[PDB]
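Starting off, we have a lone chain in the form deposited in one PDB entry, written out as C-alpha cells.
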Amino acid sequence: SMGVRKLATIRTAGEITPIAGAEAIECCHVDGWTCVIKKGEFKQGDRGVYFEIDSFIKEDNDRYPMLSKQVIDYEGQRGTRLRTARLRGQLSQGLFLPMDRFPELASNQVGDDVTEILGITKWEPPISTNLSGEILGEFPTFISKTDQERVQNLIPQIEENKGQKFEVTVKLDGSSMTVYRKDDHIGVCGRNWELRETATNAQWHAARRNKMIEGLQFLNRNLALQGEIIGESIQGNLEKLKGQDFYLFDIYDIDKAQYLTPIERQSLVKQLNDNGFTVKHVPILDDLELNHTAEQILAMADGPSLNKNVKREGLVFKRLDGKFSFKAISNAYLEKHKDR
C-alpha cells in the first residue's frame, strides 16, 4: 500500500518511438507509461513534468492550451480530467510537458513531487449512495488505509523484486471497507471515515450480514479486516451481484502496525470459516514468481473477474512477506469504462 498520490512528478523521457502514419506526434515512454507527445518535444533523457491519469488540471490556456477543449466543471472549479486515450492507435496516458514550461521548478531534481506547487488535484468517480453515512470519527490513525501504488510507477522496484513470490488477487470495483477491533471498541469504516450504524448504511449491513464483528470478538485480537464492498448500486455493479457483500483482501495487525502475510491471512480466514463466520475473500489466483517487466505485468491484468463472464478491473500483487504490494489496472477496462 502507499503514501500521497504524486500526481505530478519530474520524470525522464525513456524510449521515443514513432507512431506509424502520424508524422506530427510520437510515443514517449515515461517509466511504465506511454504518453503521446508532439514530434521533437522531447528526446530520450529529457526531464519533464508528468501528470498522471486522474489528475485534474485547472483551466489555464497559457500553460495548458492542449487541455482547452476538455474543460469541465468539477467540484466547483473549471479544469480537465486526464484519462486514458488511444491516439492513431497508440495508448496514451498522462501529460508530459518539458521543464522549460515551469520556470518555478528551476531548482528541482528528477523525482520530485510537484503536485502541490502546481495545484494539481485528484479526480474520482462519484461515490455510491449508502456508502456515505453518518460519521463517527476519523479513519483510525492506528490502521493503514488501503491505497496501492501502480506498477507503471515501480519500474526499479519490480526489477529489485525479481524472484520474490506474490499473492495475486482479482481487483474488485467497489468501495474500501474496514471493520476493526481495538480493545473495547469495534468499528466499521469506509474509505476515509469511521461510520455510525444506521438501518441504511451499506458497510454496517455487510458487516452484520457476514458476522465479521462476531468473528473479531471470537479472535479476541486487535485486527482490522480490510476488503471491498461490491454489488448492487456500487460503482455500476460490474459483478452483477444481487445485494451487496464484503470481500476481504487484507488484515492489519493493529498492535504490530503491520499487515498479516498472505499465508497468515489465509489461516485466519480458514479459522473464521471453521467457527461459522463466513467472510468472503477476493478471488485468489496462482501465486506469481516475479520475473517480469511492467508491460508483462500489465498484460496479465485483463481477464475474468469474480463473475467469470465479466472483464476485471485488474489485479493486486501482494508479496508473501506482506510488506510490498502494487496494483496493475487493466487498460482494456479503462478503455471500456470511460468513467474510470
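Residue positions are given as counts along the sequence shown, with the first one as 1. Between two forms, the rigid core is the largest collection of C-alphas that superpose within 1.5 Å.
This next part talks about the form deposited in another entry, which is not shown.
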Inset, instruction - Superpose on the rigid core, then report which one of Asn161, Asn153, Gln148, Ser132 has a CA displacement of at least 2 angstroms between this form and the one not shown. - result: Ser132
Inset, instruction - Work out the direction of the Cα-Cα change for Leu131 and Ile135 in the other entry: closer or farther than in this form? It's 3 angstroms or more. - result: closer
Inset, instruction - With a shift of at least 3 angstroms, figure out whether the C-alpha spacing between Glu194 and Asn130 grows or shrinks in the other entry: closer or farther? - result: closer
